[PDB]
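Labels for the chains are A, B, C, D, E, F, G, H and I, by order of writing; each one numbers its residues from 1.
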Amino acid sequence: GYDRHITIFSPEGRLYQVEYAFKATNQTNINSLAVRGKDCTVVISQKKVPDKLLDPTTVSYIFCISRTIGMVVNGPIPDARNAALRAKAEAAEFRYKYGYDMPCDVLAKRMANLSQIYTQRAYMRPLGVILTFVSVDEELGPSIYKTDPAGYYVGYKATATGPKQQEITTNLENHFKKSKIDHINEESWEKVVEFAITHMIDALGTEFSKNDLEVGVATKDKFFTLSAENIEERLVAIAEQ
Amino acid sequence: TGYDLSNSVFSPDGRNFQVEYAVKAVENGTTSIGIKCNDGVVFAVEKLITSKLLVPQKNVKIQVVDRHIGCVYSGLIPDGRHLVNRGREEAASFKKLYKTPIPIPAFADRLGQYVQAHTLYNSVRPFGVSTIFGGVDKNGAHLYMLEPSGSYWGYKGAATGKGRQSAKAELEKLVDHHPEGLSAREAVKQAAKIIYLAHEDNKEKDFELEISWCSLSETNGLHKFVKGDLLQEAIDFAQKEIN
Amino acid sequence: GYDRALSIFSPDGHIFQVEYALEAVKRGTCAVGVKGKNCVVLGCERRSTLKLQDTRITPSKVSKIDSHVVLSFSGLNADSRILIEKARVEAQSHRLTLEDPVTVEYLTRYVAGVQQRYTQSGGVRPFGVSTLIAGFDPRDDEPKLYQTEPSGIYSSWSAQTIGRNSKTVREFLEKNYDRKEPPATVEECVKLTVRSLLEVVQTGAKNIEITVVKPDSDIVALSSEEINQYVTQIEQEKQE
Amino acid sequence: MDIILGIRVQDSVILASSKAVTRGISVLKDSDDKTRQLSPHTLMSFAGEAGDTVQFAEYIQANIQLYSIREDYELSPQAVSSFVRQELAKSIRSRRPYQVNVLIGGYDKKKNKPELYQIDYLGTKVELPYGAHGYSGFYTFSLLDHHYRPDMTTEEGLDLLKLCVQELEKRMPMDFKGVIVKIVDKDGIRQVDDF
Amino acid sequence: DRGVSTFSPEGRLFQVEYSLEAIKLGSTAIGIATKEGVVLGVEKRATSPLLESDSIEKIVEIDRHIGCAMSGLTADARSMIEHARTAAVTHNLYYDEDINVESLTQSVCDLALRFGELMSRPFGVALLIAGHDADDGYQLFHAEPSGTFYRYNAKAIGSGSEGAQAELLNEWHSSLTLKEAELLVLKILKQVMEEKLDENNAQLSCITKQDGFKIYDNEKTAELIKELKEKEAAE
Amino acid sequence: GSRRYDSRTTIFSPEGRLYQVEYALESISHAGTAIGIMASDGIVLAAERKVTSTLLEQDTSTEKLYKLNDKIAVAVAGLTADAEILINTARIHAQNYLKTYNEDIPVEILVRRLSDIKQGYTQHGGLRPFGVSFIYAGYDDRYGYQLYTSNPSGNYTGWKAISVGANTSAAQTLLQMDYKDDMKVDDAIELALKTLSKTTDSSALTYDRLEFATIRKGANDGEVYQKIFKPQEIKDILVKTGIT
Amino acid sequence: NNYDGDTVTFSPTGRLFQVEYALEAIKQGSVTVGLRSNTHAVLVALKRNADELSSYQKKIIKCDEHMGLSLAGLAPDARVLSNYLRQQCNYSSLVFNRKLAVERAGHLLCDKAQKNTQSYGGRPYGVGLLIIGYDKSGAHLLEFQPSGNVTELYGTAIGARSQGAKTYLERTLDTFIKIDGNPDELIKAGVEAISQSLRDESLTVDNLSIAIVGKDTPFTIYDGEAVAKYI
Amino acid sequence: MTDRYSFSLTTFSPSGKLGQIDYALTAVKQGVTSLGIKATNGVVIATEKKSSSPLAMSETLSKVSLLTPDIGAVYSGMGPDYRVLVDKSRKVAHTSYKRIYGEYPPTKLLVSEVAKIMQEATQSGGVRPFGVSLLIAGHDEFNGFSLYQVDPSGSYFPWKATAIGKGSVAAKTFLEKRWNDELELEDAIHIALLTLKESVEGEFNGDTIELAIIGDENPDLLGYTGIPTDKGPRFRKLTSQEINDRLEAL
Amino acid sequence: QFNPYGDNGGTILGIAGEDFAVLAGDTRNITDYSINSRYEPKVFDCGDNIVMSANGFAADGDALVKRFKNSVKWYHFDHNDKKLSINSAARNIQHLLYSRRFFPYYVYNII
């Protein structure tokens, strides 16, 4: 039974190492969510600092890949940082060679192709991570593209990743079934972040303090993460209505 | 089964058992700690005196990278040395190209990526060490701890080896009782105490204390070993606290 | 590159891959070599399971390495082509660098060296081939007959056989071949070579190939009718 | 080296090559054979830079002999000449080209025809009734243009060849120490020991 | 399966230990060192009477002052001999002198452990390297596939080695002559050999300072065999 | 390390056989039957396509018979993809020879070259062998008309008539029975089709389940012509010989 | 058990069995003792023979004028490692005009051995080494294990029955360290130390091997009648 | 490091089977149904856009891909394997043909190059076979319209019409009854939509179906005017609206 | 253009007696018309009772001597502390010099 150790086909036409890489994705027990506004793309993720000895500022699963592209990772941090370093290198190389900023969907495809190679070549293992890329693209506008260990990728209106992804996914599905539009009809990114947090609270059924969340925001020509105090201001506005 | 026989193989759990077995080698090693202070960091390590024939103060365990970073580790000592040699190459190439000495967070990722690379193939073995390291850069003091999986985080205090639980408990008290912070000279004293308290887990053989530190005020942001009177003062403080 | 050690020692001190290569030789068609006073004859079995064969174009069992040296074999046919090609290249390479054709002993030593190299090199398996190498050294009238095997050992023989049922024909040669007085003529040498194959072959029709090599690059292959005359004369004397 | 001539008559090819070898200001040898038998019915003469000539010829010889043993068959003069041309055309763009000009005289046993090929160091091949390399043609081609017929006998070919050598000996400043003559026909290759 | 360079739980390399078993199956080779020279003798062991025994070359010249006898998978020895001859002549090129026997032996033994996953396995042959130099005089070495070499006053390798070594234990002394050593090799070879010893199935050789390395003729050995028979019948 | 997962494709069995070569031959025995018959005035190549469909575009299809050059063709039995790798190599070798010597490559030399490539995969590299058996039909001015076969072992042999693929045992017996040395192409065509018609696993032999080719000196004067039969032409020869 | 097939595999308890098996080869090897004072450093080695006709396997190797070692285990591996030391000592002299520090020599051996314990295909070294030397910081003694671990010591012993000699040195620590400016007495202490590891056999003239290095003493090896003085 | 898997991972079993190829074909069987039909004046290829989530924008995932202006491709099996094959197929059309001959390759030769890549993954060291079957439709001047299937083994066959994946057995039977040699392109599209409806469970509209044609030259899609010989691509992907219009006349 | 060679002047002299030998050299080191040093040793004791001097381009001379001294050291390691004879050293030096046949050590050497 060595067909379960390396990435070759089992009699059922399955790749067990790819399937077990999907299971490593939930090892951190963290849930992430991504939504699109009119002018922005917001990504939020749970932040858990279990040890008091940890420096909480260094605990993060959100990465600034380029000025325009942000990436949140679901999976163990070593593989997350491996992917992050590669995506940063690829984004920079793209700009040098082709004279313009790498689009979010093109980077997603590139990382997805690299993942596909690990599913076909035996000596390389899959990375146990799901990568969610976000930006405000100059051609396509607000953009969410997600990659997984199978080498699969697709664009999203909104998305969710983690152990409780289904609860969050259905919550978002039901909202877009009402509004009948592919985004959050809101002017400011501040209110889009408030929407994202509110709907995660409703879906998971947990309240959040400023240190329980981690937020990334993509606007035209820049992606940036929010500080704890910026998130607190967001939590206050939610509670006051 | 058979998933634990080869490195870089995911078990049905999604776990890399070979990395988890490397952790067992770390847990078998001697105790080492790190303490972040007001303007720097302090490192300390337990050195087991296997025999009287060991020359005191000669078998140095703590290693310097560049001139501003200190490294200590628990587990397979040769694996730690290999990692520090790489760290020194990474630090040299950074300074060669960019002129400025390598920042601590930047240095942390260089080690992290290298250790993580040894979990990607069956043709290599994971590192049998957890490494505590850090120092002072342009943005201030930083302390890190790096595991066999390639996982690392920033720390206020860090501990690894056989007496890590005892150490961690002591570190947690300091964080609670000193929210405003701890001075460099205090951190050296506290580091000595914690190693002495953590020595209850290795109480069969007697040991030798080794301490180092980087501080903006006390060492001009350079890594130095704690020697002579300052070391003895810390030993006396430590011996007073256990009695 | 593929570096896997395929030929390795076993607890009892055997290299099984080299020994299994000898089993491939045991499966191969019988080949025999007999040296007379002024000649060497190479006999070869052709299995008659394959009819409708085109004997004009089918690879002959005996191969010229140079104008004065020949090589026959038993074992895997495809493997033998690689050794023959290498031997032929070395023969021209020797003439080019030393200005003398190879001696039979030198050529044998080279082919044996190639076989040996394939028993302790990574990523390769041994040749499933044993060879009989025969000829006459330049400006020498003493016959030469050597044997090689997958392990890479080689030695000189007054007469020798290899391949399937070689145990039987060797038994025949050991009692029939006299060292003090070897086959004085070509006839006697060919007759003894055909007789030895008739112990094993089955029918004496197109199953026996004979190649006579004489001094000074005089090499000829006997035809079906010429061999058939030997087969006829042998059995007529046997009816007594 | 210097002078190599060739002529194709009715039933044979005749090659004439000088005997001299010069180092510095001294003639070291006056009996040098500037030729190699490639196969029983194919002869190649050569001329060019010192050392390169013999090395190239012997390298070609080894390759044709290897082919003969492998296939138990003699290549046609045309096939050999093409192989040689490719090696020279390959050589001219190398780091250090082989500076060798050749004539290939062969008798094709299949077509029962003599054949002469002239190939220079660049890999320039031409089939000819008579040929030469270097300055040899400047003196001899006018005689050959005048006297040559395709139905000439081997003896008439040798007489016309003597006239060419006599003209060379008269008008060349260069003492090439006579020529070795070889004939290639259906029966193989032989040397004319008195010329 | 398992690595080629793997250690056993006892601290031995599996492959090296297995190659030693192959050497035990090889034909007997004996070497005796004296102050008048070193004698090397081998069992030829022809597999058939039609095999021309003089083509069996188990004793080999490395240089004029160094000889070599082999036992085991004798085909493996050819590249070792080639290296030894190259090393011997190359040192003469670089230093205008004969090479020391120990240094030659060390050069051969450096090849031994160059195997892994370099060659794919250890050598399956042991060598008795005998020679003479000005510094250490007459010497006999035993080169193994482990990369280890011991110097010996007398040594036997091959199938009848432990029986022959016990006999060499009793017989050898520091005042042996060359003639005495020759008869002693023949005596012990005759004892351990399956077939009856004669000039055709056994071979002698020696290395002296004056004449260098010499393989003995079958006529010369035949006389030494006859001389042996008579002296054993003398008591 | 990686050793754990190595199947070791190039090793002997205890009996002295090459596992992968033997198993490759087992694969080939399930492939469609291909037959070659050599006559005095030409060569016939006949082959059976495997269980086809009505929606398969036959006139543009090629799975059995391939052209190596103007003088030489091959019939395939086994993995078609593996065969195309080798076929393209052989086409290149023939052109290399023509460029070097300015003469068309002798049939045997081409066959030996391909057979040497197959051999290499059984002795070194650690890769699986090519699961292909060829029948080579060709002409040159040395030996005239020639038939050869090669298999995954890299061994090749010459034939007057031969079959590869499925039911070769039955097919070879039928060919050995009716074949004669003074036979002609038109007779050989009939023998090839009759043999397939009796050995086939299908219910009936039809035009859409066949590929057919001839190499004839039936070209205007001293020269050779290759004829790859079209679907309609295979349908006509089936009626002519009296099979349909 | 299932985790001892190669050096690239940790066991479930975090052990490397191939390295431990390499360590076992040292225990089978013949005993060798190392000890130093403030002025000199001494190696003492019990050489082993195959039989009575055979020579006694050499145990001590010179690396430089100021440095050398003794071996226990696979002798060819000691030759590879000692050759590496020779090159490194020599690189330091040719490039920096600097005698290689004994401590730095230990660090280089550690790193060389380590690479063989983490990579697939290779194997650990099957030999233990005791390195002595005299540099700018005085006399030194190092113990090398093929796991990579190198330790600086006042005295030690490795090989079969080495525990007896190691206990003796642990008692004599305060005495032999003070033997300054007296090479003969320091050797005596080493010969007396290695004697605690002997059973059945005793120290003969071609059995014993001694080496010494010090303040005004280049690394020299004593064999044969040169050690009869100490028997 | 180094790729130490220099040996084949696909090998012959005692029965003569190449296991990894068979298992790759099993993965193709599990895949979503796709089909191809050849008409007299064109070719049609079609498949279902099986959306993994309703939040996912299925327009961004293209199952039907342009390889050259006159050649298109669709698949069944593992999507990621298909995506990288399309990248390689597009590139090989340039490197091994267009940069040599100054024109795009004919369908059969591009198929041959794709087939070669898939065969090599079946024999080369340290790789598994591609887990896809391709349907490649195309047009070229001298061969006209053509439709090819390519399997994990590297084998390829020309088809008048065919289907691969989930419900291929039923779909091929449906196509046999409807296909003839006189079909116009619009008739083939109609048959393609009928055939594809049988294998689809849920929603059946322009947003859940992906369909492209190889037909007449499209000068409106060329992007420039001025060169008479350049008349535009024959490959065209049908819009969501264009599909829905033909579903009313269904 | 960069000239890798130079001329540091100097002169050396070797004379062989019946049971002794001398190797003498001046101690002046120069470039062009300038004096670099009035005392720069040029003749060296290389061990094993051998003395050596490489005169010409000082950089190449120092490199050669340094390599020969190194060769003596490795001759002891490799051949059981055997003494390197003067004839063996001479032959060894020939190979050190010819290793650079196409970019020579620009020195005239005496031992």
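Here is the rule we go by: contacts are C-beta pairs under 8 Å (C-beta built on N, C-alpha and C of every residue); 3 or more make two chains touch, one makes a residue touch a chain.
S.K.: Figure out the least number of contact steps between chain A and chain F, where 1 means they touch directly.
M.R.: Tracing touching chains, the least step count from chain A to chain F comes to 1.
S.K.: Compute the shortest path length in steps from chain A to chain G over the network of touching chains.
M.R.: The fewest steps needed to get from chain A to chain G is 2.
S.K.: Listed by label, which chains are in contact with chain D and with chain F?
M.R.: Intersection of chain D and chain F contact lists gives C.
S.K.: Once you find the CA centre of chain C and the CA centre of chain F, what distance in Å lies between them?
M.R.: 31
S.K.: As a quick test, compute the distance in whole Å between the mean CA positions of chain E and chain F.
M.R.: About 57 Å, centre to centre.
S.K.: Can you give the whole-Å distance between the Cα centres of chain F and chain I?
M.R.: It comes to 74 Å between the two C-alpha centres.
S.K.: Chain E: which residues touch two or more other chains?
M.R.: Only 3, 117 qualify.
S.K.: Which chain G residues reach two or more other chains?
M.R.: 6, 8, 120-121
S.K.: So which bits of chain I are touching at least two other chains?
M.R.: Not one residue of chain I touches more than one other chain, so the list is empty.
S.K.: In the complex formed with chain D, which residues of chain F make contact?
M.R.: Per the touch definition, chain F meets chain D at residues 99-103, 106, 109, 141-142.
S.K.: Help me check something: in the complex, which residues belonging to chain C touch chain D?
M.R.: 64-67, 85, 88-89, 91-93, 95-96
S.K.: Per the contact definition, I'd like the list of chain I residues that touch chain E in the complex.
M.R.: Touch residues, chain I against chain E: 78-80, 82, 85, 87-88, 90-92, 95.
S.K.: Mind listing the chain A positions that touch chain H in their complex?
M.R.: Interface residues on chain A, with respect to chain H: 6-14, 105, 109, 112-113, 115-117, 119-123, 145, 150-152, 154-159, 169, 172-173, 176, 182.
S.K.: Could you pull out which chain D residues touch chain C in their complex?
M.R.: 58-59, 62-63, 65-66, 69-70, 72
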